[PDB]
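One structure is given below, encoded as structure tokens.
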Amino acid sequence: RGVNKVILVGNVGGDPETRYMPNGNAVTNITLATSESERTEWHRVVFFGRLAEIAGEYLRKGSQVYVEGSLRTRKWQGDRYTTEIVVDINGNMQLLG
Amino acid sequence: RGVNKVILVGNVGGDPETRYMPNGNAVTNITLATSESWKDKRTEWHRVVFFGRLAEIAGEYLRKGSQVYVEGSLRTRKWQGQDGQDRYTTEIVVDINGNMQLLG
Amino acid sequence: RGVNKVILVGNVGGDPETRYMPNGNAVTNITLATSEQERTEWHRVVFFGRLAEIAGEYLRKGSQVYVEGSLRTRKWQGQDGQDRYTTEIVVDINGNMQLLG
Amino acid sequence: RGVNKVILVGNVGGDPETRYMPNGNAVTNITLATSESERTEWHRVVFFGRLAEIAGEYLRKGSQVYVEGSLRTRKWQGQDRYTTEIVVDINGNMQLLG
DNA sequence: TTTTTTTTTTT
DNA sequence: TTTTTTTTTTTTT
């Protein structure tokens, strides 16, 4: 019994990087900036499945986007950890502007 | 500008730590485990930080294995490890702009 | 391009009502109380699909529950002939339900 | 002990209406359209304090907006009529988009 | 088409 | 000047 939800509205940092799995499923990375206080926070968002395809085709540097997903910390050595907002079938993405 | 919102429901990993800093502020850190339950024929760990009033309420009531609702913001803190290399810790900051609700 | 999301943590006011349709799709109705002196807001939450059966199985009066859904306002003509409006929280495959406690 | 949270991103139906209470504080109301792919949903949003002024000043028919608030059902009144509104106050948030 | 639930505190 | 006069589309927990 848990909940793990993240909601972001911000600007795409650089043009998305789309990659494809051995099974051919797209996965797309962006960085995403939100501002508070004025302070900029950078988020690593990774899209999977159909939304990865929509991300890489429609987002550019500067895009304002809404993003809904869940937090997962990815373990990767050479021991380091990247916390990412994972956007898949249980989440959402909407291009604004 | 922008929106930076995190909503978690999970169990507190360990007894909370409350620390008061020279400015008189409570800051309490916990870890939080959120679990998703699969099916075919699991666990995520979050670092949460309370400041201010909710820091006081967190330190008082939360214990090992308390169920809690947490609403905060994402914050990633850069730091150089002892090996010289930069590393990154992403936390969930819960302050006056957030919200906490003990559950049960 | 739109977002329509509701998130509630609250207490069920009474036992669920799960209604099955000829198709075998279930619909489950509850009301749900959230409190901010103390001030209680009552929500009408309706579950569709699998989550209708899961809510029907697991929610009871007094249950503390998290729900994530979407807002839906239903228009209807009252016996007085006048337009009325019921705004509900719709929980279906795009939503979530987690029994708390 | 509860949570009562609403998050909408959609488009304003018409120009905001803003009024002033005795104490001088603004209150802005709008309707907001959210569309699901085809089928539109209309929400009644009410802003209080600071955000009411901001909403009053920069929102107009068709403005794309992010809104964060709480649900509140207000019984009014010649019998009773109940409206459920999205109340955006100090605890909420609003972001103009585009 | 209208009753309730629950109760460990300057977004 | 109204009781929601309508908005606006860069597409299966």
Side-chain angles (χ1 to χ4, degrees), chain A residues 2-5 49-50 53-54 57-59 63 70 88-91 94-97, chain B residues 5 36-39 53-54 56-57 60-61 71-73 94-102 104, chain C residues 1-2 10-15 30-35 38 40-44 50-51 54 60-66 68 73-79 83-86 91-98, chain D residues 1-2 10-15 17 29-35 37-38 40 42-44 49-51 60-65 68 73 75-76 80-83 85 89-93:
Chain A
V3 177
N4 177 352
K5 181 149 291 280
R50 92 174 262 152
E53 294 173 16
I54 307 192
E57 157 104 341
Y58 290 135
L59 294 175
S63 286
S70 51
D88 65 14
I89 210 81
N90 295 353
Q94 301 294 327
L95 166 76
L96 324 164
Chain B
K5 184 151 288 274
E36 276 172 351
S37 283
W38 50 305
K39 183 43 137 96
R53 194 180 140 120
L54 283 163
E56 292 280 5
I57 309 169
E60 171 155 326
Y61 296 108
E71 185 182 322
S73 278
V94 174
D95 68 26
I96 67 101
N97 312 93
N99 183 10
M100 193 212 89
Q101 291 306 143
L102 180 53
Chain C
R1 301 310 236 189
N11 293 281
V12 183
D15 273 348
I30 68 171
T31 60
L32 185 73
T34 56
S35 314
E38 184 194 300
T40 293
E41 187 81 15
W42 284 99
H43 309 264
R44 304 175 100 271
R50 53 181 302 268
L51 278 174
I54 300 166
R60 303 293 181 242
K61 165 183 286 188
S63 284
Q64 187 167 63
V65 66
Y66 169 106
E68 173 193 329
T73 286
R74 284 188 300 113
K75 192 180 176 196
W76 51 280
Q77 289 184 129
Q79 308 214 279
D83 302 339
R84 255 80 169 159
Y85 291 91
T86 308
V91 178
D92 59 22
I93 177 85
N94 305 310
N96 197 8
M97 193 225 97
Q98 300 296 327
Chain D
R1 176 150 37 183
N11 299 283
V12 182
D15 282 356
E17 316 179 333
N29 67 270
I30 63 165
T31 67
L32 198 277
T34 64
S35 211
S37 206
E38 170 79 339
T40 299
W42 285 99
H43 305 270
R44 224 255 230 204
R50 198 168 199 273
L51 296 168
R60 262 101 173 68
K61 197 158 160 244
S63 288
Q64 200 191 20
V65 67
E68 188 188 310
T73 302
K75 179 183 81 163
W76 52 2
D80 287 340
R81 309 243 274 251
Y82 291 58
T83 308
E85 2 185 76
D89 66 3
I90 186 69
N91 316 303
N93 190 22

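Computed from heavy atoms alone, side chains included, the values below leave out hydrogens, waters and symmetry copies. Each chain gets a letter, A, B and so on, in the order its sequence line appears, and its residues count up from 1.
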[X] [atom1] to [N] [atom2]: how many Å, rounded?
{"X": "B:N99", "N": "E:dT10", "atom1": "CG", "atom2": "P", "value": "17 Å"}
{"X": "D:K75", "N": "E:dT2", "atom1": "NZ", "atom2": "P", "value": "12 Å"}
{"X": "C:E41", "N": "E:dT3", "atom1": "CD", "atom2": "P", "value": "16 Å"}
{"X": "C:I30", "N": "E:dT3", "atom1": "CD1", "atom2": "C1'", "value": "15 Å"}
{"X": "A:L59", "N": "F:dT11", "atom1": "CG", "atom2": "P", "value": "11 Å"}
{"X": "C:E38", "N": "E:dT8", "atom1": "CD", "atom2": "P", "value": "11 Å"}
{"X": "A:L96", "N": "F:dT9", "atom1": "CG", "atom2": "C1'", "value": "12 Å"}
{"X": "C:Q79", "N": "E:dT2", "atom1": "CD", "atom2": "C1'", "value": "13 Å"}

Using a heavy-atom cut-off of 4.0 Å across all strands, would you classify [X] as base, sugar-phosphate, or nothing?
{"X": "C:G95", "result": "base"}
{"X": "C:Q98", "result": "nothing"}
{"X": "B:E56", "result": "nothing"}
{"X": "B:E71", "result": "base"}
{"X": "B:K5", "result": "base"}
{"X": "A:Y58", "result": "sugar-phosphate"}
{"X": "C:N94", "result": "base"}
{"X": "C:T40", "result": "base"}
{"X": "B:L102", "result": "base"}
{"X": "B:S37", "result": "sugar-phosphate"}
{"X": "C:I93", "result": "base"}
{"X": "D:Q64", "result": "nothing"}
{"X": "D:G62", "result": "sugar-phosphate"}
{"X": "D:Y82", "result": "nothing"}

Heavy-atom nearest nucleotide on DNA chain E taken for D:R1 and for C:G13; more 5' hit belongs to C:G13
Quick one: the side chain of [X] and the base of [N], do they pair up donor-acceptor inside 3.5 Å?
{"X": "C:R74", "N": "E:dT1", "result": "yes"}
{"X": "D:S35", "N": "F:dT8", "result": "no"}
{"X": "D:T31", "N": "F:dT4", "result": "no"}
{"X": "D:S37", "N": "F:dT11", "result": "no"}

D:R81 side-chain N/O to F:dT3 phosphate OP1/OP2 under 4.0 Å | no
Say you pick atom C1' in F:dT9 and the same atom in F:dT5; how far apart are they, in whole Å?
->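 Their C1' atoms lie roughly 23 Å apart.
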Which residue lies more 5' along DNA chain F, comparing D:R44 with D:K61 via nearest heavy atoms =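 The answer here is D:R44.
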Closer to the 5' end of DNA chain F via nearest nucleotide, is it C:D83 or D:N11?
-> C:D83
Which nucleotide in the list E:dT8, F:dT13, F:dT7 gets nearest to the side chain of D:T40?
-> F:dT7
To the nearest 0.5 angstrom, please state how far the CG atom of D:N11 sits from the NZ atom of D:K61.
->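 The NZ atom of D:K61 is 12.0 Å from CG of D:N11, to the nearest 0.5 Å.
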What pucker does F:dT6 show by its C1'-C2'-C3'-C4' sign, north or south?
-> south
Could you tell me whether the side chains of A:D88 and A:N90 share a donor-acceptor contact shorter than 3.5 Å?
->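 Checked: A:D88/A:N90 side chains show no N/O donor-acceptor pair below 3.5 Å.
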Specify whether both conditions hold for E:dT8 and E:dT9: six-membered ring centres separated by under 5.5 Å, and ring planes at an angle under 30°.
->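 No, the criteria are not both met.
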Run the side chain to side chain donor-acceptor pair (under 3.5 Å) check on D:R1 and B:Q101 step by step: do they pass?
-> CA-CA 7 Å; D:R1 176 150 37 183; B:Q101 291 306 143; over 6 Å; no
Under a 4.5 Å cut-off applied to non-hydrogen side-chain atoms, are B:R53 and B:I96 in contact?
-> no
Does any non-hydrogen side-chain atom of D:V12 lie less than 4.5 Å from one of D:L32?
->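 Yes, side chains in contact.
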Here the pair of heavy atoms bringing D:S35 nearest to D:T40 is OG-OG1, 3.4 Å
How far apart are the closest heavy atoms of C:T40 and C:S35, and which atoms are they?
->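 Scanning both residues, the minimum pair turns out to be OG1-OG, 3.4 Å.
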Flag as yes if C:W42 stacks onto the base of E:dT4 (centroids under 5.5 Å, planes under 30°), otherwise no.
->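 Yes; by the centre-distance and plane-angle rule, C:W42 counts as stacking on E:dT4.
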For C:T86 and C:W76, run side chain to side chain donor-acceptor pair (under 3.5 Å): C-alpha distance rounded to whole Å, both residues' side-chain angles, the deciding distance at 0.1 Å, then the answer.
-> CA-CA 8 Å; C:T86 308; C:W76 51 280; 2.9 Å; yes
